[PDB]
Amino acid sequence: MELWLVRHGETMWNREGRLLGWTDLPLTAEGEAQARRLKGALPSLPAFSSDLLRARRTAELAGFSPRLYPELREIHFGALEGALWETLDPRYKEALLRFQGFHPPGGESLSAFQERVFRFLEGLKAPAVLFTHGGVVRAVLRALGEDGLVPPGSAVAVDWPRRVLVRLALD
C-alpha cells in the first residue's frame, strides 16, 4: 500500500546534535520554512501525524489537517533524551548506528519502537501521508533494505511492506 512518510522540519536539537525523542521541542524558523516548502509537493491523501509539536506543525504548514496518533512518535530515548550524539557511550552509539539491541534506561527499546511503528502501518486501510520523525522513517527504510537517513522536512513514498518508491527533498 502506498504510504508517504514525512520527516518533520528541524528543531534546535538537530543543529546541536542531541537525541530528540519525546522531548517536545518546536520547529526553528528554518524548520518552518522547510515545512512550508512541502505544501503542493505532497499528494492530497488522508493525513496522520505524530502528536508531538514539531510533527503537528510540519503537517499544518504543509497544508494538512491530520488526525493525531502517538504511535507515530519518534522512539522514546529515556535517560538519553537530550544527549549529545558525539559523547554517547559506545554501546549506545553502535546500537543506534547498527539499529539493533538498543534499550535506553527509562526509555523504549528499538524492538518495542519497531513493533509500535509497524503495527500502526499495518492498521492503515488506504494510502496516506504520515507526518512523523527521523527514527520512524529510518525504521521503515531499513526494513525495506535501504539506508534510512533523510533530511529534515523531506519525504519518502513506499509501497508498504514491499519497496521504496521515491525520496523527495526540497531546497
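One rule holds for the numbers: they count along the sequence shown, beginning at 1.
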> Out of 29-37 and 115-123, which one has CA B-factors that are higher on average in the deposited record?
Replying inline: 29-37
> Looking at the entry, does 128-136 or 105-113 show the higher mean C-alpha B-factor?
Replying inline: 105-113
> Is the Cα B-factor recorded for residue 24 in the lowest, middle or highest third of its chain?
Replying inline: middle
>> For the chain shown, is the CA B-factor of residue 1 in the lowest, middle or highest third of its modelled residues?
In response: middle
>> Please say which third, lowest, middle or highest, residue 169 falls into when its CA temperature factor is compared across its chain.
In response: highest
>> Could you place residue 79 in the lowest, middle or highest third of its chain by Cα temperature factor, using the values in the record?
In response: middle
